[PDB]
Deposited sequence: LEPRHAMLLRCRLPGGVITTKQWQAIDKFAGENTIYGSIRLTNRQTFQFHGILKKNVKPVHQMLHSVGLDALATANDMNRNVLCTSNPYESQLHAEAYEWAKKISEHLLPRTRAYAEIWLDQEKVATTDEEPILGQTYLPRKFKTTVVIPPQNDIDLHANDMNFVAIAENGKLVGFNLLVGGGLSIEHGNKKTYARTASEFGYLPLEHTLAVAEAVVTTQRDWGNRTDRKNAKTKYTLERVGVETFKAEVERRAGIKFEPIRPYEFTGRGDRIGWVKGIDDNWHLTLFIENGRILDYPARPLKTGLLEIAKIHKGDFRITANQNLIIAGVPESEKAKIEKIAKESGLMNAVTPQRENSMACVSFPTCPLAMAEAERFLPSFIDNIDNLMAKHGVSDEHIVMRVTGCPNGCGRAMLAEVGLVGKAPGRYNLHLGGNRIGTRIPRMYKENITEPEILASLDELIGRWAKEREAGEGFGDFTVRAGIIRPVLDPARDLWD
């Protein structure tokens, strides 16, 4: 288990060739596993640092995780600056010993693909005239819980306010240090920013950030999100450039019989002009393809099975690694997802909603790596073949799903979803999401204040 520091998930093709080689000749699984934090992982490393170092990559005492950045903004020009800022916060936060690991993102509305509410510190980009002018700071998200422990909880991030671009690093540092100092010194399970905020108060925390940063936040500038999914397929970028996002189930890059995904990405990397972007959804964007290069790239991706069409449901589903490599796994996630969505696809078709989607996620244990706690339908592993079923989140990821059923099996999960989806298909309003609907229809009470009403 080695993991690289790759802000915004942008990786060059040169770097891609060096990791593809290593993955194949020096690991048990021979795979490249894209993670939901925009970086990659090798599994079963049988040196790695000199390999990383040689292509300019570095492997992260440091309580800092990979800083995310919206990978494919609708206003393509905004990416360059937002990415430059992600990269700067990354290097800036690089060595203080934090009580718990600190997660940070730079978001570009209206896309919340980086799933901000799962993170400690978030900078929501505010642009004017195609230029970033500042950020809206949201602080305090975290998804990890412990089964049966009502003192733990998933929490969404809180809005602190707006800050001009210039005050970015000072604020970033102030948040880190204030969590570092105020973080719970007695228990590690209460040491996350989300716990500290609830202990001292958002306002008490905010006032301190201001004092330390040397500024005063301005009121939050309007922003809204419309989704969290990737833009699978070709999208027009700036100039004559195009972006091809490839759907990769579980982000597992390996050559399968008749679907050489791994060789396919290597072939593309060899003729690709720009670079690649690893998404927060475990997919890969072949970025900056000249219009003239579209057919060449598409030809390879197509041959390799990288462009095999899947349903919208599949494209919007996610699972953590879990078995066989995770030591904390309670139930299958990655290896369970595919056949599981095979089942969901059938139920979707049975209900005439095959063109629809439900943000469906499966996490192998309460730690929550699969981000099931921000899904419309989340599966939290409890034991082999068993999961806690949570319902009631939303498409954009701003609501925590309450536990609906506990410790049940797939046949039981499927039987419950069969009935709920059927109701949704027939009783929903125009454009109404499944999560919102379960809450509107009274199928599940909403979680309005995580720290106080997440547990029944």
Point to revise | Gaps in the model (deposited sequence, numbered from 1) | key: 1-7, 54-58, 73-75, 111-136
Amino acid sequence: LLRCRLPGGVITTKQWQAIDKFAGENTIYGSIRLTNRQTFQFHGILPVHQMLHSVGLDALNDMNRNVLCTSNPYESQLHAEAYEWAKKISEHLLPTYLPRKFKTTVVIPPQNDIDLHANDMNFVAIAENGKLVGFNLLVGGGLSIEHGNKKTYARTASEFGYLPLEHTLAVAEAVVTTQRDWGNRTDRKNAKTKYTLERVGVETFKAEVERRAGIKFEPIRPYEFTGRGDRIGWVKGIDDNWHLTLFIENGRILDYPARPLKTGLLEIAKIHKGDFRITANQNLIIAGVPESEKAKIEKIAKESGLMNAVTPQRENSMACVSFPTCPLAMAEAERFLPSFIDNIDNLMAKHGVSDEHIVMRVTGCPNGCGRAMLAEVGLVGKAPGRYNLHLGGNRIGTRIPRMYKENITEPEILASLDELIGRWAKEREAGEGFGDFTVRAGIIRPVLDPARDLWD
From here on, numbers count along this sequence of modelled residues.
Study note, to complete from the structure: Between 446-454 and 1-9, the record assigns the higher mean Cα B factor to 1-9
Point to revise | Between the two ranges 177-185 and 193-201, the one averaging a larger CA B factor in the entry | key: 177-185
Revision key, fill the gap. Note to self: of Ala118, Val124, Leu93, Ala333, the C-alpha temperature factor tops out at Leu93
Check your understanding: Of the options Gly227, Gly385, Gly237, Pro327, which has the highest CA B factor as deposited?
Key -> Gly237
Exercise for review: Can you work out whether the C-alpha temperature factor of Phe323 puts it in the lowest, middle or highest third of the chain?
Suggested key: lowest
Check your understanding: Split the chain's modelled residues into thirds by Cα B-factor; is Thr398 in the lowest, middle or highest one?
Key -> lowest
Practice item. Quick one: classify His43 as lowest, middle or highest third of the chain based on its Cα B-factor. Key: middle
Review point. By the record's CA B-factor, is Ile408 among the lowest, middle or highest third of residues in the chain?
Key: lowest
Study note, to complete from the structure: Tertile call for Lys299 (CA temperature factor, within chain, third-based) is the highest
